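The data below hold one chain only, encoded as structure tokens and taken in the form deposited in one PDB entry.
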């Protein structure tokens, strides 16, 4: 029973993976865990194998590990990261302590593309279209990415995009400080935690991304939280009475009102020489009031993606049960919960 494993010390990290994976070669490591590039002899794909660090060292980590396995096991879309395999050398639940995850190796992200300069309108419709397609699928399952930025969109030679590095796990702490790109794409309402966020925060991120693809420049590259909010409000206008009442923090409201009111700028004078349809879409995505922002499913129907929009080919996801988020379990219960999901994984078909 079970495949044969083989262990090899890699840059001070013992990797014990099934032999179907060959030519393992370090490609990065961090707070997520260690990632290795390898050749998967069964699917014929070059893959990325992630060996989580201390997967069950705490209940926060035990839950994190579980939340990511559950999410990766659900995501089944072309434009979204997916699980090709999950395994543990552990013979029994008693010795289960390591979790390795496998997905298609991604080479370049959107970043190793835009930086060059501004992009062609066609490639902008395509890339953004794909982002919105994955998103309509992600949100239809009540999932919020929370961290949509260029570095989190894997892009290939034929401009095919996949959304990865979801939030559902890590908690941004002290990483959003200063002149950092980790924050240039967050909606203002989640950036200063004015209110509890909705999935439209993701739609705000896409507008930021789309704007950058068009101009070739970061839309709101603020040097700190306040400076960035200033950049946003200068373009979108200051909150109105309708919005102000939706902000719980009395301090936030008090701060906001201390600012000299400003009208929404003319997007056609910001994105000079850009397709009127692109401009029209940004105006709909970049709305201060998250309640009035366009939805992924609606964006797709927008005349900007006429060339690619196919209603019958923009699938939604199966219902996604994240009731466990409310569950209070001990380290060992998230651990056993993680084990069953590993144990029960079913590979996606082939070609």
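Positions refer to the first chain, counted from 1. Each form is matched to the other, and the largest set of C-alpha atoms that superpose within 1.5 Å is called the rigid core.
Omitted from view is the form solved in complex with a small molecule, to which the following refers.
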Pick the stretch from 90-98, 276-284, 263-271, 242-250 whose residues have a heavy atom within 4.5 Å of the small molecule in the deposited bound form.
-> 242-250
So in the deposited bound form, does residue 207 come within 4.5 Å of the small molecule, heavy atom to heavy atom?
-> no
Indicate whether the small molecule has at least one heavy atom within 4.5 Å of a heavy atom of residue 219 in the deposited bound form.
-> no
Does the small molecule get within 4.5 angstroms of any non-hydrogen atom of residue 129 in the deposited bound form?
-> no
Examine residue 288 and determine whether its closest non-hydrogen atom to the small molecule in the deposited bound form is within 4.5 angstroms.
-> yes
If you line up the core, which of 126, 87, 194, 137 has a CA that moves 2 Å or more between this form and the one not shown?
-> 194
Core-aligned CA displacement of residue 73 at least 2 Å between this form and the one not shown = no
2 Å or more on the CA of residue 116 between this form and the one not shown, with the rigid core superposed, yes or no?
-> yes
Would the C-alpha of residue 97 be classed as shifted by 2 Å or more between this form and the one not shown after rigid-core alignment?
-> no
Answer with closer or farther for the CA-CA spacing of residue 195 and residue 235 in the deposited bound form compared to the shown form; it moves by 3 Å or more.
-> farther
